[PDB]
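*Asks:* Got a structure for you, written out below as structure tokens; questions coming shortly.
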Amino acid sequence: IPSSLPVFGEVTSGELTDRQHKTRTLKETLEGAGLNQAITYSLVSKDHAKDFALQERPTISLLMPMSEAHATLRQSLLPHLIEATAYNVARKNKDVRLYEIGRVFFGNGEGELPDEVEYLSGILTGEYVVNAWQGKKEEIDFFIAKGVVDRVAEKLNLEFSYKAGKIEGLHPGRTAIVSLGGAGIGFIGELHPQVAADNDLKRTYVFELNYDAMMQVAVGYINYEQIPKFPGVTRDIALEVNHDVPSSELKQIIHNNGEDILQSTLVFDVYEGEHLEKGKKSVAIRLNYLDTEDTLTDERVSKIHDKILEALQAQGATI
Amino acid sequence: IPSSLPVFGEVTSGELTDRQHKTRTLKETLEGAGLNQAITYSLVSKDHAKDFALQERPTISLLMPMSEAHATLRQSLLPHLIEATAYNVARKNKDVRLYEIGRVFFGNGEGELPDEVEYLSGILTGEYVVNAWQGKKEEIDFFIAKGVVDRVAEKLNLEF
Amino acid sequence: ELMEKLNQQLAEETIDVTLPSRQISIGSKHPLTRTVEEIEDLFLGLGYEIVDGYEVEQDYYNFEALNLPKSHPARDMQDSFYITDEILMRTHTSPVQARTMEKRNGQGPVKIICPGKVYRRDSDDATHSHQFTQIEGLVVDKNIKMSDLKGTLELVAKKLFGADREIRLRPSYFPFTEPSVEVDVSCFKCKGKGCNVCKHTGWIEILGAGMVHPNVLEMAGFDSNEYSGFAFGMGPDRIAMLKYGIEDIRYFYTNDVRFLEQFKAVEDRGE
Amino acid sequence: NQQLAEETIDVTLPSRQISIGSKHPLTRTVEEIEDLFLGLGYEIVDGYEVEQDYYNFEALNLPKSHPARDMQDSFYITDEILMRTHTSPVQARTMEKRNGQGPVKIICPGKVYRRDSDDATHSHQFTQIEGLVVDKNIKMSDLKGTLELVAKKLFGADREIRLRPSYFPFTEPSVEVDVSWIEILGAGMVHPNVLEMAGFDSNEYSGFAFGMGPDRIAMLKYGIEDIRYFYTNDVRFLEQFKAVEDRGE
Ligand SMILES: O=C(Nc1cccc(S(=O)(=O)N2CCN(c3ccccn3)CC2)c1)Nc1nccs1
Ligand SMILES: O=C(Nc1cccc(S(=O)(=O)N2CCN(c3ccccn3)CC2)c1)Nc1nccs1
Ligand SMILES: [Zn+2]
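Chains as they are written, first to last, in PDB author numbering: chain D, 481 to 799; chain B, 481 to 640; chain C, 81 to 351; chain A, 87 to 266, 283 to 351.
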């Protein structure tokens, strides 16, 4: 048999689909942030199969497992990523950053194919940045884990929002639900202290995201906006508020009252200590104002800024 | 006119060369570390054309420049990267991270085509990491610029 | 005033530039993903589509549609992970090609590549994992010949193992294809006369391939008097093992960072 | 007990950003076009930015006499050497090395230079992508087909385009393509003198070629108001290009 190549008369350019291309770019982004690509077993133990699941959805078990530890299809990527972390840490690999894109499996009742859903997940523990001789040591915390989930959203041109959530197996105090277009798509959280202790881990952060939901969003082309011709105005405010008010709440009040010129808002400090009524915190927020069509008079800014202050004051937020 | 696509009887896989692939990859890794890809003008003032040259070699000047700013081919990517940085800073963008891959040009004299050399360069100032509520503010210093070069070498499997 | 501070800077601000740089860490691409991507790239430049589908699959697509009637020695409940009598963890990526074929309603060309996780009812050890990766291809058009298969399998061996790779085609049998072969690449280590990689053979098995069997074409909705096909499969796990000398399959699925973080950098073809 | 309550965070507080650089929008448009042509079997070829007038002009069917070779419009360095005015010389040089044997199917991106004052629509250094197909029975319909793919890749598939007869020295017949109307691609069947000069037999081989300008494509696609923004490198410009794109909704 001589050697030849097939010549295709329907001519078509071979290209990644859009989803395929986005997935490669996303994996470049995760990797570029220090996360190693994991690949885990789909099959877990039957009592692990529902860990970190969102819905009660039925699980899929094999008829004849080769092995109790690989008996049911996972409804979450995290159990085996946590195991891989425990494994690494017991080998004295203290700095573990892993991500996975992989499928999870929810049962469609009996004799139907399950719902296979693609997830992006990852797990993080140890130092994010080290240079000992310069005193640099940045421990991975919730907010760096958040920073990874945000770098995802940023790269895909999405916006996520975050609201405290209770997920079994995560730290009740350090778990957020991640939402896209007002729908829950996942979560980010420190592991429960008890789960971490079981696995002999330190502070460890996981995130899991419905990547199918993410990929359904049509983002189009990038929206280019010319650089503003005129300078904006920044005002800072320090808002005393009950300790449990999320900063999102105050930011929303500000946007709600910011009319045409309020561009963005940034918390730059939170203070809880003795210099302040117990059960209060002081949250400092930088308000940025901007008109693309005109220069800002102190007085136009003050007018709205005063409206914003009042709305805040009336919702229990003392200056 | 009918619309058709040509069918090549001689069949080949269209693929990036090795070098083309390293380049796309290296660019992602740069972008991944927070550097924006710059593209600058090849032509500088005759006065800047020899800046940072390694390299004592003849420059290549245009017969008929349109601008004194654009009269001679650069032997370094930095003059115009520094220029872009200054620009940004004057416009109050205090944090500028730029890399460029592009050519510089060395005279072979005497109506010969110059040596065009592909360079990788970049320029870095301001903060690398911030999160103010947490008090994180990590200024770009020489050892972050070093980390960027080491990430380049790391990625390309080079030993610098 | 200014020259005086400039000079004090100059005098004061010398650093040992050999000191550790502030590292900006790169994570790795999994070695199995790397091999899968280079094969996709190769096929993209040839006009193919990369296609994904279900990992839990129906007997019909996993087996029947692929010319394993309810009879057969591979349908075997002991060799495959069933969930019901009808539904199993797919044993190869063929069912995805079979389904895509079917939706083409007897119209070509088909030219697809299907990478993904596959499953065997097997105890694990240095050389067996119950969940592994496969890349299949399927090309179906009008005058497809086995020489066209050969030429394509050759680009595959070059892509994976170097421009100087030859292939070797050995008679074999699979139920979905006919003629069928197993395919060796010449050894990329030893140039001829043998080493431990090719087991002093010169030839390393890496692929199976064959001309698609009429029954498979006809079941998909294609006319096998007008259409012919070829298909092939390979194992990224085995390939990466051979390529890198990785000695235990399970290293791929443990995600030791001291294994993973080995695979950060670009590659080329040396000389 | 109190442990969990004392370690409560505000999960809505700013995350620790791990910043992403951007790919230049000119580079984005380039890559996209490369990826299109890769999947059809083309090679991306890269060549000299400073060229001989033979390759930049002569080999392109612009004899000594031509208005195109005017020293006022191009950036010469000697009477024989100049900043190339297009990436055609790389395509002409690639052809000659093929030695009368096709197929050629190449795409040639890169910086090109024009002796002109810069303003909002003109930069003395800009980018170009050229392509060349040479093979035995290349016909203009084959050109048309490829051009529609290019347009489809750049501006999506429903975007309306317009083909207009026109004229360039190095091709005949020739074409311009507008997108809904704005001109973006120039192209033609390669002129036989051009095949004949780089050593193909124009009785056996025909060709088609095209050029487009990513600076212009990008300005049009995004409504970038001044081409010089591409070469100024204000970060407030570049950072608008971090994210992926899809076709859309
Ligand atoms: O035909 C194929 N694939 C194919 C062809 C030949 C060899 C191989 S292979 O090496 O990967 N194989 C995998 C499966 N193995 C099996 C599977 C079942 C029975 C016997 N042995 C043998 C090795 C794959 N796919 C198609 N999809 C649609 C129509 S045809
Ligand atoms: O033939 C081409 N390309 C080509 C074909 C038509 C139009 C254009 S274009 O729109 O980019 N162009 C650029 C040049 N312009 C010129 C230049 C000189 C004279 C007239 N007009 C017109 C617009 C490019 N190049 C070849 N290289 C090797 C062999 S053939
Ligand atoms: Zn050998």
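Ideal placement from N, C-alpha and C gives every residue a C-beta, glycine not left out.
Please list, following the chain, all residues that have a C-beta closer than 6 angstroms to any non-hydrogen atom of ligand 3.
*Replies:* Output, sorted by chain position: C:267, C:269, C:270, C:274, C:275, C:277, C:278.
*Asks:* Along the segment 192-224 of chain C, what residues have a CB closer than 7 angstroms to any CB found in chain A?
*Replies:* Listed by position, the residues of the segment 192-224 of chain C near chain A (Cβ gap below 7 angstroms) amount to none.
*Asks:* Take residue 106 of chain C and list the residues in its own chain whose beta-carbon comes closer than 6 angstroms to its own, dropping the five residues that flank it on each side.
*Replies:* Along the third sequence, one-based indexing puts residue 106 of chain C at 26. So the list reads 344, once near-sequence residues are dropped.
*Asks:* Rounded C-beta distance between residue 808 of chain D and residue 655 of chain D? I'm assuming under 8 angstroms.
*Replies:* Residue 808 of chain D lies beyond the stretch modelled for chain D, which goes from 481 to 799, so this question has no answer here.
*Asks:* Whose Cβ in chain A lies nearer than 7 angstroms to the Cβ of residue 526 of chain B?
*Replies:* Translated into the one-based positions of the second sequence, residue 526 of chain B becomes position 46. Correct list: empty, because the minimum Cβ distance to chain A is about 13 angstroms.
*Asks:* Got a sec: which bits of the segment 337-350 of chain A sit with their beta carbon under 8 angstroms from any beta carbon on chain D, in order along the chain?
*Replies:* Result list: 338, 339, 342, 343, 344, 345, 346, 347, 348, 349, 350.
*Asks:* Under DSSP, the alpha helix (DSSP H) around residue 635 of chain D begins and ends at which residues?
*Replies:* To locate residue 635 of chain D, count along the first sequence from 1; it is residue 155. It spans 622-636 - the alpha helix (DSSP H) in which residue 635 of chain D sits, taken as one unbroken run.
*Asks:* Using only the alpha-carbon positions, how far apart do residue 84 of chain C and residue 90 of chain C sit?
*Replies:* The count along the third sequence starts at 1 and reaches residue 84 of chain C at position 4. The count along the third sequence starts at 1 and reaches residue 90 of chain C at position 10. Rounded to the nearest angstrom, the two C-alpha atoms are 10 angstroms apart.
*Asks:* How far does the beta strand (DSSP E) with residue 213 of chain C in it reach, from first residue to last?
*Replies:* The count along the third sequence starts at 1 and reaches residue 213 of chain C at position 133. Looking at the DSSP string, the run of the beta strand (DSSP E) that includes residue 213 of chain C is 211-221.
*Asks:* As an exercise, report each continuous beta strand (DSSP E) stretch of at least 3 residues that is fully enclosed by the segment 530-583 of chain D, in chain order.
*Replies:* As far as the segment 530-583 of chain D is concerned, it has no whole beta strand (DSSP E) run of at least 3 residues.
*Asks:* Between residue 136 of chain C and residue 169 of chain C, is the Cβ-Cβ spacing less than 8 angstroms?
*Replies:* Translated into positions along the third sequence, residue 136 of chain C becomes position 56. Translated into positions along the third sequence, residue 169 of chain C becomes position 89. The answer is yes: Cβ separation under 8 angstroms.
*Asks:* Please state whether the Cβ-Cβ distance between residue 518 of chain D and residue 631 of chain D is less than 8 angstroms.
*Replies:* To locate residue 518 of chain D, count along the first sequence from 1; it is residue 38. To locate residue 631 of chain D, count along the first sequence from 1; it is residue 151. In this structure, residue 631 of chain D does not lie closer than 8 angstroms to residue 518 of chain D by Cβ.
*Asks:* So residue 127 of chain A contacts chain C; which residues on that side make the cut at Cβ distance below 9 angstroms?
*Replies:* As a position in the fourth sequence, residue 127 of chain A is number 41, starting the count at 1. What residue 127 of chain A touches in chain C: 125, 126, 127.
*Asks:* Where does residue 283 of chain A sit, in a helix, a strand or coil, going by DSSP?
*Replies:* Here residue 283 of chain A refers to the residue found at position 181 of the fourth sequence. The answer is coil: DSSP assigns residue 283 of chain A none of H, G, I, E or B.
*Asks:* Tell me, please, whether the CB atom of residue 663 of chain D is closer than 8 angstroms to any CB atom in chain A?
*Replies:* The count along the first sequence starts at 1 and reaches residue 663 of chain D at position 183. Not an interface residue.
*Asks:* Kindly indicate the opening and closing residues of the alpha helix (DSSP H) around residue 259 of chain A.
*Replies:* Counting from one through the fourth sequence, the residue named residue 259 of chain A turns up at place 173. Unbroken run through residue 259 of chain A is the beta strand (DSSP E), 257-265; no alpha helix (DSSP H).
*Asks:* Rounding to the nearest angstrom, what Cα-Cα distance links residue 614 of chain D and residue 171 of chain A in this structure?
*Replies:* Mapped onto the first sequence, residue 614 of chain D falls at position 134. Mapped onto the fourth sequence, residue 171 of chain A falls at position 85. Looking at the two C-alpha atoms, the distance is approximately 51 angstroms.
*Asks:* Do the CB positions of residue 577 of chain D and residue 637 of chain D come within less than 8 angstroms of each other?
*Replies:* Looking up residue 577 of chain D in the first sequence gives position 97. Looking up residue 637 of chain D in the first sequence gives position 157. Cβ distance not < 8 angstroms, so residue 577 of chain D and residue 637 of chain D don't count as in contact.
*Asks:* Tell me, which residues are paired with residue 89 of chain C by DSSP?
*Replies:* Taking the first residue of the third sequence as 1, we reach residue 89 of chain C at position 9. DSSP lists no partner for residue 89 of chain C.
*Asks:* I want to know whether the segment 125-133 of chain C touches the segment 179-195 of chain C - three or more CB-CB distances under 8 angstroms.
*Replies:* As far as the Cβ criterion goes, the segment 125-133 of chain C touches the segment 179-195 of chain C, which means the pair count is three or higher.
*Asks:* Is there a Cβ of chain A sitting closer than 8 angstroms to that of residue 447 of chain B, yes or no?
*Replies:* Summary: the structure shown does not reach residue 447 of chain B, with chain B confined to residues 481 through 640, and so no result is reported for it.
*Asks:* Based on DSSP bridge pairs, tell me the residues matched to residue 180 of chain A.
*Replies:* Locating residue 180 of chain A in the fourth sequence gives position 94, where the first residue counts as 1. None; residue 180 of chain A has no bridge partner.
*Asks:* With distances taken from CA atoms, which of A:215, A:188, A:199 is nearest residue 209 of chain A?
*Replies:* Taking the first residue of the fourth sequence as 1, we reach residue 209 of chain A at position 123. Comparing Cα positions, the closest option is A:199.
*Asks:* Just to confirm the assignment: which complete alpha helix (DSSP H) runs, minimum length 4, are found wholly within the segment 125-197 of chain A?
*Replies:* The qualifying runs are 139-142, 174-184.
*Asks:* Check the DSSP bridge columns for residue 599 of chain B and list the partner residues they point to.
*Replies:* On the second sequence, residue 599 of chain B is found 119 positions in, with the first residue counted as 1. Bridge partners of residue 599 of chain B: B:582.
*Asks:* Count the other CB atoms within 10 Å of the CB of residue 634 of chain D; is the residue buried (16 or more) or exposed (fewer)?
*Replies:* Reading the first sequence from its first residue, position 154 is the one you call residue 634 of chain D. Buried, because 16 or more other Cβ atoms sit within 10 Å of the Cβ of residue 634 of chain D.
*Asks:* Taking 8 angstroms as the CB-CB cut-off, is residue 244 of chain C touching chain B?
*Replies:* Within the third sequence, the letter at position 164 stands for residue 244 of chain C. Answer no: the Cβ-Cβ gap between residue 244 of chain C and chain B never drops below 8 angstroms.
*Asks:* So does residue 237 of chain C have its beta carbon nearer than 7 angstroms to some heavy atom of ligand 1?
*Replies:* For the purposes of this step, residue 237 of chain C is identified with residue 157 of the third sequence, where counting begins at 1. For ligand 1, not one heavy atom lies less than 7 angstroms from the Cβ of residue 237 of chain C.
*Asks:* Between residue 600 of chain B and chain A, is any beta-carbon pair separated by less than 8 angstroms?
*Replies:* Locating residue 600 of chain B in the second sequence gives position 120, counting from the first residue. No, residue 600 of chain B does not count as interfacial toward chain A.
*Asks:* So, for residue 531 of chain B: in the same chain, excluding its five sequence neighbours on each side, which residues have a beta-carbon less than 6 angstroms away from its beta-carbon?
*Replies:* To locate residue 531 of chain B, count along the second sequence from 1; it is residue 51. Taken in chain order, the residues that qualify are 556, 559.
*Asks:* Is it the case that the segment 283-299 of chain C contacts the segment 255-274 of chain C, given that we only count it when at least three CB pairs across the two stretches are under 8 angstroms?
*Replies:* Enough Cβ pairs lie closer than 8 angstroms, so yes.
*Asks:* Does the separation of the CB atoms of residue 504 of chain D and residue 695 of chain D fall below 8 angstroms?
*Replies:* In the first sequence, the residue the question calls residue 504 of chain D occupies position 24. In the first sequence, the residue the question calls residue 695 of chain D occupies position 215. Going by C-beta atoms, residue 504 of chain D is not nearer than 8 angstroms to residue 695 of chain D.
*Asks:* Answer yes if the segment 564-579 of chain B comes into contact with the segment 543-555 of chain B, meaning at least three C-beta pairs across the two stretches below 8 angstroms, and no otherwise.
*Replies:* No: fewer than three Cβ pairs fall under 8 angstroms.
*Asks:* List the residues that DSSP assigns as beta-bridge partners of residue 208 of chain A.
*Replies:* Your numbering for residue 208 of chain A matches position 122 in the fourth sequence. Note: residue 208 of chain A sits in a beta bridge opposite A:205.
*Asks:* Using DSSP with H/G/I as helix, E/B as strand and the rest coil, what is residue 289 of chain A?
*Replies:* For the purposes of this step, residue 289 of chain A is identified with residue 187 of the fourth sequence, where counting begins at 1. It is a strand residue.
*Asks:* Give me, in chain order, the residues of the same chain whose beta-carbon lies closer than 7 angstroms to that of residue 326 of chain A; leave out the 5 immediate sequence neighbours on both sides.
*Replies:* Reading the fourth sequence from its first residue, position 224 is the one you call residue 326 of chain A. The answer, listed in chain order, is 320.
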